[PDB]
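Undergrad: opening piece of the complex, as it sits:
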Amino acid sequence: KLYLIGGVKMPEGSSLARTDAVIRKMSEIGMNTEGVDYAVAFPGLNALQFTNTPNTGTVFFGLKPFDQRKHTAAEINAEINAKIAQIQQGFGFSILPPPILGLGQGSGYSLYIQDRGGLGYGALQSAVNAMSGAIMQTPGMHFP
Amino acid sequence: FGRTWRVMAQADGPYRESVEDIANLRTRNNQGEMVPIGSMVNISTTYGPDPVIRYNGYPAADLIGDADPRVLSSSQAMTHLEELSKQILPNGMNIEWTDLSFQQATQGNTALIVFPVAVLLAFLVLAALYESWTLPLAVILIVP
Amino acid sequence: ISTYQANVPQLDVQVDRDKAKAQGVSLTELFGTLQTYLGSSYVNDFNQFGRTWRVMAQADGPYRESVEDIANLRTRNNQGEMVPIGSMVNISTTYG
Amino acid sequence: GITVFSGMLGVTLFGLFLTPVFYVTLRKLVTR
Amino acid sequence: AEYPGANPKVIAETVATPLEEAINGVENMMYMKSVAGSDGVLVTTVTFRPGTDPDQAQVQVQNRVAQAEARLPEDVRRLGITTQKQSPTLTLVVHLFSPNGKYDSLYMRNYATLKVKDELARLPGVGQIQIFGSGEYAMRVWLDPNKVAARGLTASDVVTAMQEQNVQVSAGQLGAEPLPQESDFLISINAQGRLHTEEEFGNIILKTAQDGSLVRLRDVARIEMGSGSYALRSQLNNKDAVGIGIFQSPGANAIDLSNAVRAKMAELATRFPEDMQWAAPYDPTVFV
């Protein structure tokens, strides 16, 4: 869809200044990569929820027309996702646009881990860590 | 400018940098003087969730990911995630699909109703038009 | 035929904040007197014939007909005395 | 495009050789 | 909903839960979600089955909110709760930027809020207009705790002073009907007590000092106006720009909304100041 969706998740308690420094690095990486037309950055804006959060960011990477490049969107996304993985300050990611515009924030699956038993936020945090590890272990799946 | 705007009062930024700034705020006592509030409050560090997400009336945590199409499909990924849910998530907690994944899970075996019904409808129409029970069989046998 | 008209006389009553402070009359007391004597004041409700009706407080007609009457309204200052409000409001006429 | 192109290519080759066989077999079975 | 200064846990416990209790059971509701952030803003999204009337869904949800409105805290109640039909994903982003960096963060952000937002929000098919990273345009009195304490005042004293010195009063009319004899003229009376400018607010009297000098508001606080003087954070390419987000209403045509916004922005660019330019690089509609 001639654009990609990227974001960052800095360590908890990070100020907006730290998030902005990493976001400016992702925008430089994206525009450096061939086939990327522009980079729209929104530091402090959560990618998956569109709510303000100090330790999160959002970058939209525009793509040139299909005839102007010899790489598909998936190849560009994989190339960017590999380069932004070298940033040690915070966790970075990039995903493809959702198949249906206006339904979902990005391509792939989407789920919520509900806490219907009152186990508390600590137990809910542990399940997310356990779930991410298992998904990473499964071949053919990226890190959620 | 012919509009209406609000009025807000708050301490300036520099006077809210560290914990010592909180303890140095001054409040009037009964006798009429001003004393710091640090002698009447206790300040300590605590961990908590930010942001707090609630899905369908229960505390929840979102999860978004993607898989390599040449290794795992969307339908396969959803099924693999469900079996991990009943394996890892403790009792009282479960996953819930959202966005396109909700539509993918909600839809039934839509191929399993229309395909046999359409074949049955075509067979009946051919029998009615051509006055035979075995002649339509010569036509619908090429559908497989 | 047009019902529009822009030459309707109006009265502008400006409250001199610094003068009121020197005179010793609080703004709340000053504004409340104008809001009650001249403008209608809604107090509370009362019940008659099984229904609820409002209770209104306002100055009578004879004492509400001239600029001098507005200047003759009396407020309470910080010393507890009665003082006319004509020495803190700049009553003026305007059109609209 | 790949679905309908592959399907029609297979149908044309299979239909030209199976439909006459299906017609003859069923008619002979009925008239048996 | 907005709860200024409240931590996320309090917002979810005291605001999100009462709203969810009133919102559940709405017809044709698929699922609902609430996100409460440290900024003091709670966002609740209610998703309905496809084919549901967006207008009927909004009024039903807005009526449920009005019922729970009494359970909410006073601070949340005072600011108000906004219910709008709105696509949860961006439809088109309009960027305001200075090619040579003539203007600062304050100027462009104020321009977008004051002279861009209202024009865009009037277009048909618009669900919500959001300036990313920009606060609301309002008075902002930045108190100095040391100066206020030295003068012999508290935070409550300062707040109460400006609450009573900026009030609106109606003064009736002269020659009313209760006169014993019919009057000849009827003149309306105008009593004014409001304030409009920073100097007027800076002239608010707090107390009379022991030397007889009147302590004004400007003596202890840094009075400021605007949508926020902090540095620009939104970026276009790698420069600094103001990003305006447009969310379409459900059922509205995406193509027409993109054309309408672009057409209006062309008209607005006619009266743009020098070295002020606009662009819309991010637009999924052009792919459609």
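TA: Looks like it came in fine. Residues are numbered from 1 along each chain as shown, chains lettered A, B, ... in the order given.
Undergrad: can you map out the helices along chain B?
TA: In chain B, the segments counted as helices under DSSP state H are B:19-23, B:74-88, B:99-106, B:110-130, B:135-140.
Undergrad: then chain D?
TA: Under DSSP H, chain D gives helices at D:2-30.
Undergrad: let me have the helices of chain B in TSV, extended by distance to residue A:20 and mean neighbour count.
TA: Just so you know, the C-beta spots here come from the backbone N, C-alpha and C atoms, and that holds for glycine as well. Below are those laid out as TSV (distance: least, CB to CB, whole Å; neighbours: other CB atoms under 10 Å in any protein chain shown):
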stretch	distance to residue A:20	mean neighbour count
helix B:19-23	24	12
helix B:74-88	34	15
helix B:99-106	29	16
helix B:110-130	47	11
helix B:135-140	65	17
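Undergrad: out of these, which is closest to chain C?
TA: Closest of the helices of chain B to chain C is helix B:19-23, at 33.6 Å (criterion: CB to the nearest CB).
Undergrad: next, count neighbours for whichever residue of chain A sits closest to chain C.
TA: Taking CB to the nearest CB as the measure, chain A has residue A:52 as its residue closest to chain C, at 39.1 Å. The number of residues packed near residue A:52 is 20, by other CB atoms under 10 Å in any protein chain shown.
Undergrad: add chain F to the structure above:
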Amino acid sequence: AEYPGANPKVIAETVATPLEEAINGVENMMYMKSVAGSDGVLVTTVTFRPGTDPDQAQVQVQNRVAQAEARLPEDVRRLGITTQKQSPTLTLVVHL
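TA: Let me add chain F to what's already shown:
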């Protein structure tokens, strides 16, 4: 809406303008008109295209008024705002 004692100018500013701000932008709207008199009563009329359902538009306009509730002054707030579908022309008059 009602504002006892307020002149037509302020009503058009602090009452009519906030309402028009939140009311503009309803579906099938044709034109609007607001009148603020010296009696302290504000009347705003929103006219839609023929064939529009009056019931669905009536709740929408009332919802818009509720959205701008906080902007109104407290004096107007305590009296309330009435939103009703209504023909602006007389149908029948009964004389006692």
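Undergrad: for residue E:73, which non-adjacent residue is spatially closest?
TA: Spatial nearest neighbour of residue E:73, chain neighbours left out: residue E:14 (6.0 Å); criterion: CB to CB, 6 or more residues apart in numbering or on different chains.
Undergrad: where's the one you found relative to chain C, distance?
TA: 32 Å (CB to the nearest CB, to the nearest Å).
Undergrad: who's in contact with that residue?
TA: The contact partners of residue E:14, taken as CB atoms under 8 Å, 6 or more residues apart in numbering or on different chains, are E:3, E:6, E:72, E:73, E:76.
Undergrad: any chance of these in a markdown table, plus distance to residue B:56, secondary structure and neighbour count?
TA: What follows is those, written out as a markdown table (distance: CB to CB, whole Å; DSSP: H, G, I helix; E, B strand; the rest coil; neighbours: other CB atoms under 10 Å in any protein chain shown):
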| residue | distance to residue B:56 | secondary structure | neighbour count |
| --- | --- | --- | --- |
| E:3 | 22 | coil | 21 |
| E:6 | 23 | coil | 23 |
| E:72 | 21 | coil | 19 |
| E:73 | 24 | coil | 15 |
| E:76 | 23 | helix | 23 |
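Undergrad: pick out the most distant pair among the residues you listed.
TA: Using CB to CB, the two most remote members of the contacts of residue E:14 are E:6 and E:72, lying 11.8 Å apart.
Undergrad: can you add chain G next? sequence is:
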Amino acid sequence: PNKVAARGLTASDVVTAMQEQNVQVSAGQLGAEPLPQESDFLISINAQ
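TA: Same chains as before, plus chain G:
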């Protein structure tokens, strides 16, 4: 009522005390936006 009156307290005195000692206060964060320099951390304050 007998014990409240014995202490010299009225019903209004008791009600006023309870609604002024059980209140919700919001304390914002530290190192907030209007700083003149970029802060390294931002921590919320939970005043209960």
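Undergrad: since we added chain G, can you redo the contacts of residue E:14?
TA: Contacts were defined as CB under 8 Å, 6+ apart; by that measure residue E:14 touches E:3, E:6, E:72, E:73, E:76, G:24.
Undergrad: swap in residue E:183?
TA: Contact partners of residue E:183, counting by CB under 8 Å, 6+ apart, are C:65, E:175, E:176, E:177.
Undergrad: can you put those in a markdown table and add distance to residue C:40?
TA: Formatted as a markdown table, the contacts of residue E:183 follow (distance: CB to CB, whole Å):
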| residue | distance to residue C:40 |
| --- | --- |
| C:65 | 16 |
| E:175 | 15 |
| E:176 | 10 |
| E:177 | 12 |
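Undergrad: just those now: which is nearest chain B?
TA: When the contacts of residue E:183 are compared against chain B (criterion: CB to the nearest CB), the nearest one is residue E:176, at 30.2 Å.
Undergrad: neighbours around the closest one, how many?
TA: 17.
Undergrad: thought residue C:64 was touching it, still the case?
TA: Yes: Residue E:176 is within contact range of residue C:64, at 5.9 Å (criterion: CB atoms under 8 Å).
Undergrad: follow-up on the earlier one: so which of the contacts of residue E:14 is the closest to chain D?
TA: Closest approach to chain D among these (CB to the nearest CB): residue E:3, at 53.9 Å.
Undergrad: list phi and psi for that closest one.
TA: When quoted as degrees, to the nearest 10, the phi and psi of residue E:3 stand at phi -130, psi 90.
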